[PDB]
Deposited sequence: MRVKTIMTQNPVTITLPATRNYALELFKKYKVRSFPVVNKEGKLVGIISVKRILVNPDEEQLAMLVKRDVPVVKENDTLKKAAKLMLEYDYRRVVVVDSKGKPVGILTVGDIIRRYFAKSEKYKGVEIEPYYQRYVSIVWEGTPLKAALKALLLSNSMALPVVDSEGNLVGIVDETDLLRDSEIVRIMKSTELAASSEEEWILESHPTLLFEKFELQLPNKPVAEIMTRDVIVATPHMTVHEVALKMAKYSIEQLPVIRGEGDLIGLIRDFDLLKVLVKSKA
């Protein structure tokens, strides 16, 4: 599979000078000069991964892994943006739809190292851990290390005190955790990521014995 099949075509761009998730940045001629993210409130990053629409998904995946960046801008011969390809696109439009990955377990790809947090941890400390995690979410465990929940940035909005403060993360965590196992296929993991709109599934054994984490980013390694 090629980039052209999985990318989102004709991305909205922003031409400099100037005052979704991010917008490709171009000059007067329309050539790509960087990308700007909404979170990053020059603020434009120049060293962004780029590919052509006829390149393989493998090439785009390699670049994402190389720059530890979640998207690549697709340009034409003129170096002008004609599409955008994100990790999300690869998961939802490719891994979750292709028949090729129904026969590939995630055992060789999931992370054995995972940042977690005890459910009794005050929110601020839990947020510090989230900030220092390579995952968008922190699996939550009880006092004995058993998996009991999971939490991410969006869960902060579950705190009624935002209507305008350092309680246990247990108060905003998601209790029903969608999990994976080492033998689960890339196909099924992607199906779950797409279905629940989540970027990671804790990897377990037994009923709640945490042994790893499979992130959408980890699935890119399958393409290599």
Compare the deposited sequence with the modelled residues and state the ranges that are missing C-alpha positions.
-> 20-31, 54-63, 187-218, 279-282
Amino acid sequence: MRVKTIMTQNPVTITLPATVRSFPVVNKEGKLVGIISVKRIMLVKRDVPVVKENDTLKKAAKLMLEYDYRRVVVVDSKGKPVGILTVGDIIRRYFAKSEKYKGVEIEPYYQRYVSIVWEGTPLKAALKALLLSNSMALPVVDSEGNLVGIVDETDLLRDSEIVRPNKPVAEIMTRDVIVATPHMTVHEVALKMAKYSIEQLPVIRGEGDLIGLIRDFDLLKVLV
From here on, numbers count along this sequence of modelled residues.
Should the higher mean CA B-factor in the entry be assigned to 75-83 or to 110-118?
-> 75-83
For the higher mean C-alpha B factor in the entry, choose 30-38 or 184-192.
-> 30-38
Can you tell me which of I162, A61, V177, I172 has the highest Cα temperature factor in the record?
-> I162
Among the modelled residues of its chain, the C-alpha B-factor of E53 falls in the third labelled middle
Lowest, middle or highest third: where is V104 by C-alpha B factor in its chain?
-> highest
Check where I198 lands among this chain's C-alpha B-factors and tell me if it's the lowest, middle or highest third.
-> lowest
Divide the modelled residues of the chain into thirds by Cα B-factor and specify which third, lowest, middle or highest, holds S135.
-> lowest
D209: which third of its chain by C-alpha temperature factor?
-> middle
